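Residue numbers (the authors' numbering), protein chains in the order written: chain A, 299 to 343, 350 to 716; chain B, 299 to 343, 348 to 718.
Beta carbons: idealized from backbone N, C-alpha and C, even for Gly.
Okay, structure first, notes after.
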Amino acid sequence: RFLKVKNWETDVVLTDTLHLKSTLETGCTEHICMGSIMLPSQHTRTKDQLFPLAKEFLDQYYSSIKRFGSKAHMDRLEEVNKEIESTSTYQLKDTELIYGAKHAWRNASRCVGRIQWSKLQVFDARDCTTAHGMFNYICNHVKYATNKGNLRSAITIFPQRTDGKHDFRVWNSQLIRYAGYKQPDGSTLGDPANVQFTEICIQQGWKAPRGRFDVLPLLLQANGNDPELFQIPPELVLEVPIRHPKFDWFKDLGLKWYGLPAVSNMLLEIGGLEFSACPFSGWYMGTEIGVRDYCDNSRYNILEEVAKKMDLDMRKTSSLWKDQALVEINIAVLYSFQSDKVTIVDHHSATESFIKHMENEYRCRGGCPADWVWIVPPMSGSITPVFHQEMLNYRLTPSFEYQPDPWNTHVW
Amino acid sequence: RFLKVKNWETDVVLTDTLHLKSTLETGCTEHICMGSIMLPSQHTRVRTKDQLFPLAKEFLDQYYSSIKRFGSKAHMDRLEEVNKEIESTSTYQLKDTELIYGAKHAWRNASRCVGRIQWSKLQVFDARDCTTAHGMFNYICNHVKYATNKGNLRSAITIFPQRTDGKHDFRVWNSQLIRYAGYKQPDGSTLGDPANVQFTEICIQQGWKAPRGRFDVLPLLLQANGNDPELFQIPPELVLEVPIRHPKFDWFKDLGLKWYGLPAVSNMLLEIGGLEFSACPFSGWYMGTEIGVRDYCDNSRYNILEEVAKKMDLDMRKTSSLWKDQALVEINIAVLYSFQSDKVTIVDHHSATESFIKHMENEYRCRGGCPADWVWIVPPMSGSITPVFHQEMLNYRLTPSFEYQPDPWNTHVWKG
Ligand code: HEM
Ligand code: HEM
Ligand SMILES: Cc1cc(N)nc(CCc2cc(F)cc(C#CCN(C)C)c2)c1
Ligand SMILES: Cc1cc(N)nc(CCc2cc(F)cc(C#CCN(C)C)c2)c1
Ligand SMILES: C[C@H](O)[C@H](O)[C@H]1CNc2nc(N)[nH]c(=O)c2N1
Ligand SMILES: C[C@H](O)[C@H](O)[C@H]1CNc2nc(N)[nH]c(=O)c2N1
Ligand SMILES: [Zn+2]
Numbered sequence: 299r300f301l302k303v304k305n306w307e308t309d310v311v312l313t314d315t316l317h318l319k320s321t322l323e324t325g326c327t328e329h330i331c332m333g334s335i336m337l338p339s340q341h342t343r350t351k352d353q354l355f356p357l358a359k360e361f362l363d364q365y366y367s368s369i370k371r372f373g374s375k376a377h378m379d380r381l382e383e384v385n386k387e388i389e390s391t392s393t394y395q396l397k398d399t400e401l402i403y404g405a406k407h408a409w410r411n412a413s414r415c416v417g418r419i420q421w422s423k424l425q426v427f428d429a430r431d432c433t434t435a436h437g438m439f440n441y442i443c444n445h446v447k448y449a450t451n452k453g454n455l456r457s458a459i460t461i462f463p464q465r466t467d468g469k470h471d472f473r474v475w476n477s478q479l480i481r482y483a484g485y486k487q488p489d490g491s492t493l494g495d496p497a498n499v500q501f502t503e504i505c506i507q508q509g510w511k512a513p514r515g516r517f518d519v520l521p522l523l524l525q526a527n528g529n530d531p532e533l534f535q536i537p538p539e540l541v542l543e544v545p546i547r548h549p550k551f552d553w554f555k556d557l558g559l560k561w562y563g564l565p566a567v568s569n570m571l572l573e574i575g576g577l578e579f580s581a582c583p584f585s586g587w588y589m590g591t592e593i594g595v596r597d598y599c600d601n602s603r604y605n606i607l608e609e610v611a612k613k614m615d616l617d618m619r620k621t622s623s624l625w626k627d628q629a630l631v632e633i634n635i636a637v638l639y640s641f642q643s644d645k646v647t648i649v650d651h652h653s654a655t656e657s658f659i660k661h662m663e664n665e666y667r668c669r670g671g672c673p674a675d676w677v678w679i680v681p682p683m684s685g686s687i688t689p690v691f692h693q694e695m696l697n698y699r700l701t702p703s704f705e706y707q708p709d710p711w712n713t714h715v716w
Numbered sequence: 299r300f301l302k303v304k305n306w307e308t309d310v311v312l313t314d315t316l317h318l319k320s321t322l323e324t325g326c327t328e329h330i331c332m333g334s335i336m337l338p339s340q341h342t343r348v349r350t351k352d353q354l355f356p357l358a359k360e361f362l363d364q365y366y367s368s369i370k371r372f373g374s375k376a377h378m379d380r381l382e383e384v385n386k387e388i389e390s391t392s393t394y395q396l397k398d399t400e401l402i403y404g405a406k407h408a409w410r411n412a413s414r415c416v417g418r419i420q421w422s423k424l425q426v427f428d429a430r431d432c433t434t435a436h437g438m439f440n441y442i443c444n445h446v447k448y449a450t451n452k453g454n455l456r457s458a459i460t461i462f463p464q465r466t467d468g469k470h471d472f473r474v475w476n477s478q479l480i481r482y483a484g485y486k487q488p489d490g491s492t493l494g495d496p497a498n499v500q501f502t503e504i505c506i507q508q509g510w511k512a513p514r515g516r517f518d519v520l521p522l523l524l525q526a527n528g529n530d531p532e533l534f535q536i537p538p539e540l541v542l543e544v545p546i547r548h549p550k551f552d553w554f555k556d557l558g559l560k561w562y563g564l565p566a567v568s569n570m571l572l573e574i575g576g577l578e579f580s581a582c583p584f585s586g587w588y589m590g591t592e593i594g595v596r597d598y599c600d601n602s603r604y605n606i607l608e609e610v611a612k613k614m615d616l617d618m619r620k621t622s623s624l625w626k627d628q629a630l631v632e633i634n635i636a637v638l639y640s641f642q643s644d645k646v647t648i649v650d651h652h653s654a655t656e657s658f659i660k661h662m663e664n665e666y667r668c669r670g671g672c673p674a675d676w677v678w679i680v681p682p683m684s685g686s687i688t689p690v691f692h693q694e695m696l697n698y699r700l701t702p703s704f705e706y707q708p709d710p711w712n713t714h715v716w717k718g
C-alpha cells in the first residue's frame, strides 16, 4: 500500500504514497495489464455525482494554500454546495481554474515535460460565446505561446460543458497541423494522419491548396453550434525549414515543421466540471517530429528516401540503415530548430529533466504518476535514464482526458 | 468476455479470449498499473498437497487437450495415477511427454520474450536423474555443446530435479551459463562486466582463481540436492566467442571487444502443473541489441559509448548532437556484422519484432491470444521504427511459466 519504485541504473529507490489518493481507474486488473492500450474506455470521457467531485477538488485546493479547515475553506465549500443544489453545476474562481489547469498537467502520467507544470500561462476564455471569438482567443494563444520562437507554455479554457448539447469544441487535434490528401495514383500527399480531417474541412468548405505542408484551417464549434472555418494568420505560424549540419542534400528533401505543438482535442476535468475545448501548448521534444512525424510508416515515412540519399545498404535490415537514417533525421530537426532559435528539447535532456522532476515529486508530493510506455522516447530508449526507471501509473484528478471526435458526436 | 487489441500502424484488430484461462496475478489493480515494475512479487517464486491437485489437474487437462485426448481413458487414468501419487507421496512425477510439453509452453507463455515464434522447436534435455554438482556440470556442458552447434545455434533447455521440501533444491548460481567476470577496483572503477561483480566475488571466495581480465568467462557454481555449490570451469573449447569489428571502421577491432555467442539463462524457475524446477537453464540465440545496446552501452555495463564516440570524432559537448545515438547505432552494426561474418546465429531487432508480430497474430487465430509485455518486447533502440511499438498488447500470466526466484546466496543454508 506504500509502494517502492527502483531505478535499475542508479539503485535509487523512491516510496510512493500518492497513488492512495487516486480517484479514476487504470483499465488493468489483477488478471490482465492493459498498460499498452492506447486509449482504454477510462482515458476517454447529474446533480448527485457533482458535489463529491467539487468537495475533493476544493479540499486539495485549500490544502495547497495551507487553508484546509479554515473559514475561507468551509465558506467556499458551502457556497459551491449552495450553487450546485441550485444551478445543478457551478463556476470556478479564477484562482481555482488556474490551480486545476496546472494540476491537470502535473497529473498527466504520459507527459515527459511536466517539470515545467507550474509555469503554465492560463488564458480564461470562459466568456467566449462564438466561433469567431474562439478564433480570436486561439490566435492570441498562438502568438503568446510562440513568442518569436521563445516558446511559453499556455492553455486557453473555453466555457465548460453544461448539458452536452452546448459543447465548445476545437475539431482540430492540434491547432497547427499539415493537411493530408489521398492521391489519384493511390498514395498520400501531406500528412496521412489528417486525411479524414482534411476531407471534413473541404466538406465544410475549405479551399485546399493541395500541397504537402499546408497548414490546416481551424474548425471551431461554439455552444454546440455547427463548426466554422478560420485560417490562422500565416505570420502567427512559426515554421522551421529542416536542414542538416552535414548533408547539404538534406534541404532538397523539402522538409519543414511547425514550432508550436498545441493539443486541442482533449477534455480538461476539474472538480467534476468538464472543459471540452481547452487547447494547450508547450514546445517539442525533437523525437516527436523526427521519429514519429517523419518516420512512422503511417505518417510522412521519409526513411526510405533519406536512406537512399545517404547511399546506405538497404538490401538487408541487419545493416541498420533505418536506424542510421533515423539518427541523422533527428540530428537535423534539433539542428534546424536550434539554428532558427525555436525552443526544442532533445530526448536526452527531457528525460533527464523528468527524472529530476520525479525525484522532486516523490520528495515534495509523495509520488508522480507515470506511464512508462509513453515516457520512454521512441528511439534510443535504453540510453535515456527513464528506461531503467520503474514507474507507477495511476489516475489523479484534475486531468486531461480523451473524448470522441466531434464529427461522430455532433448532431448537425 | 472478448478483449480487442489494435495495431495503430496497420489498423489490424485482434480479439483475445485466452486471457480468460489466466490464473496468476499481474500486480496491477483497477487503481494502479505496475506494468513497468521489473520484478513484481507475482513474477517471483514449500507447497502442500492442498493446492497441488488442482494445479496438476489443470495442467493435465491442458496437456491431454493439446494431444486431442481430453476425457479419454488415458486422460482419466493419468489423473487418477497423479492423484494417488500426490496423496501418497505429497508430490508427483511428470512423464517425459508432459515435461517436454510443459517446457515448450512455459516459453510459449513468456510474455516478455520476443523470440517466441520458435517456441515449438525447443530441445528438452531431461536431467531429472541428476544427483550431484558434477552431474549437473556434465549435463550443462552437453547443453552448451548441443546448443552452440559450431555457431548454428539451437534452442535447448536442461531440466534438473524438481523441488521437494525446498531444502534440497537444485540451483545454478550463475544468472547465465556464460558470462564475463566483473572486478571492483580499489579506485572505484570496474574491470569487466559491472553486472557480475557480486557473483564474481562469490566465485573468488569459493576458490576461483580469477584471471582479472576484461572478458574472463565465469566458472559455473552448481548446487545439487540442497548441498553447498561447487565450482567448475566450462571447457574453453565449448565457449564460442565473437571478436567485435566494424564493417567500415577499422579502429573498432582495436577497442578489444568480444562477446559470447550463446545466451543461456540459468537462474529462473520453471513451473509445470505446480511442480517447481528451480534449475532449468535454457538457451536460444541473441538479438543484436541485447549485446550492442544493453551489454555494451548501459551506463551500468561496459559503457563504451564514450570511447566509440571519441574514436568517431563526434561532437560530444552538447547531447543534442545525438552523439550517443550515433555511436549506439555503429556499435549495433558492428555486433551484427561480427556475428554474421563468423556465421554465429544472431537476429537484428527489425527481423525479430517483425517475426514476433507474425507469431502474435498466429497465436490470436489458433490460440485465442498471445500474452505480451510491451515494456520488454519493444527493443531498447529505434523503438517506433519496429512494428511492435505500434502494437497494443495484453499482458497476463499463463501456466506453465518461467518465474523469477531469489538469488541463492541470499537464501542458502550453508553446510560448510
Ligand atoms: C513544455 C514542454 C512539453 C513537452 C516537452 C511535452 C512532451 C510530451 C510528450 C513527448 C508527450 C508524448 C505524447 C506523444 O508522443 O504524442 C506528451 C504527452 C502529453 N502532454 Fe506533454 N509536453 C509539454 C507540455 C505540455 C503541456 C503544457 C501540457 C498541458 C497543459 C501537456 C500535457 C500532456 C498530455 C495530457 C499528454 C498525454 C495525453 C495522453 O494522456 O495520452 N504537455 N507530452
Ligand atoms: C530463440 C531465440 C530467442 C530470442 C531471440 C529471445 C529474445 C529475448 C529477449 C530479447 C528477451 C528480453 C531480453 C532482456 O532481458 O533484455 C527475452 C526474454 C525472455 N525469454 Fe526469450 N529469446 C529466445 C529464446 C528463448 C528461449 C529458448 C526461452 C525459454 C525456453 C526464452 C524465454 C524467455 C523468458 C522467460 C524471458 C523473460 C524473462 C523475464 O521475465 O524477465 N527465450 N527473450
Ligand atoms: C503540449 C504538447 C507538447 C509537446 N511537446 N507535444 C505535444 C503533442 C503530444 C501529444 C499530447 C497529447 F496530449 C495527446 C497526443 C495525442 C494523440 C493521438 N494519439 C497519439 C493517441 C499527443 C503536446
Ligand atoms: C534464451 C535467451 C535468448 C536471448 N536472446 N536472450 C536471453 C537473455 C534475456 C533474458 C532472459 C531471461 F529469462 C531473464 C533475463 C534477465 C534478467 C535480469 N534482469 C534484467 C531482469 C534476461 C535469453
Ligand atoms: C523499469 C523497466 O521495467 C526496466 O528498465 C525494463 C524495461 N524494459 C526492458 N526490456 C528488456 N527486454 N529488458 C530489460 O531489462 C528491460 N528493463
Ligand atoms: C500500442 C502503443 O501503446 C502505442 O504505439 C503507443 C506506444 N507509446 C507511445 N508513446 C508516445 N509518447 N506516444 C505514442 O503515440 C505512443 N504510442
Ligand atoms: Zn497494468
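For B:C668 and B:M662, the gap between their C-alpha atoms comes out near 10 Å.
Chain order gives the chain A residues near B:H652 as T621, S622, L624, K626 and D627, where near means a beta carbon separation below 9 Å.
Residues of chain A whose Cβ lies closer than 7 Å to the Cβ of B:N601 are, in chain order, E307.
Shortest gap from the CB of A:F579 to any heavy atom of ligand 1: 7 Å or more. Of all residues in the segment 504 to 521 of chain B, none comes within less than 7 Å of chain A when Cβ atoms are compared. According to the DSSP assignment, B:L638 belongs to no beta strand (DSSP E) but to the alpha helix (DSSP H) extending over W625 to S643. Residues of chain B with a Cβ closer than 8 Å to the Cβ of A:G333 are, in chain order, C326, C331, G333, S334, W676, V677 and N697. In this structure, A:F691 has its beta carbon less than 7 Å from a heavy atom of ligand 5. For the segment 407 to 461 of chain B, the full-length beta strand (DSSP E) segments reaching 3 residues or more read 425 to 428 and 458 to 461 along the chain. Checking the 7 Å criterion, the Cβ of B:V567 is within range of a heavy atom belonging to ligand 4. Between the alpha carbons of B:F355 and B:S568 lies a distance of about 28 Å. Considered as a whole, the segment 560 to 586 of chain B harbours no complete run of any alpha helix (DSSP H) with no fewer than 4 residues.
A:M695 has its Cβ no nearer than 7 Å to any heavy atom of ligand 6.
Between B:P682 and chain A, the shortest Cβ-Cβ separation is below 8 Å.
Counting only the Cα atoms, B:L559 lies some 47 Å from B:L301. Here B:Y448 has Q425, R456 and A458 as same chain residues with Cβ atoms under 7 Å from its own Cβ, once five neighbours each way along the sequence are excluded.
At least one beta carbon of chain A lies nearer than 8 Å to the beta carbon of B:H317.
Under the criterion of beta carbons closer than 8 Å, B:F704 and B:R418 do not qualify as touching, at roughly 12 Å. For B:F361, the uninterrupted alpha helix (DSSP H) segment begins and ends at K351 to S368. Around the beta-carbon of B:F439, 16 or more other beta-carbon atoms lie within 10 Å, marking it buried.
Taken through DSSP and simplified to helix, strand or coil, A:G590 comes out as helix.
Distances taken from the Cβ of B:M332 to the heavy atoms of ligand 7 include one shorter than 7 Å. Around the CB of B:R465, 16 or more other CB atoms lie within 10 Å, so the residue is classed as buried.
Beta-bridge partners assigned by DSSP to A:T647: none are found. Contact between B:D644 and B:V544 is confirmed by a C-beta separation of about 5 Å, below the 8 Å threshold. Of all C-beta pairs linking the segment 581 to 598 of chain A to the segment 646 to 658 of chain A, three or more are shorter than 8 Å, placing the two stretches in contact. Proximity of B:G576 to chain A, defined by a Cβ-Cβ separation below 8 Å, is not satisfied. In the displayed model, A:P673 falls within coil according to three-state DSSP, outside both helix and strand. The beta carbon of B:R414 sits closer than 7 Å to at least one heavy atom of ligand 2. A direct Cα-Cα distance of roughly 14 Å separates B:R349 from B:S580. By the neighbour-count criterion, in which a residue is buried when 16 or more other Cβ atoms sit within 10 angstroms of its Cβ, B:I633 is buried. Annotation for B:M336 indicates a beta carbon within 7 Å of some heavy atom of ligand 5. Where A:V610 is concerned, the enclosing alpha helix (DSSP H) starts and stops at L607 to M614. Residue contact with chain A for B:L630: present (Cβ-Cβ distance below 8 Å to some residue of chain A).
A distance of 8 Å or more separates the beta carbons of B:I506 and B:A497.
Boundaries for B:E543: no alpha helix (DSSP H) harbours it, while the beta strand (DSSP E) harbouring it runs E543 to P545, taken from the DSSP string.
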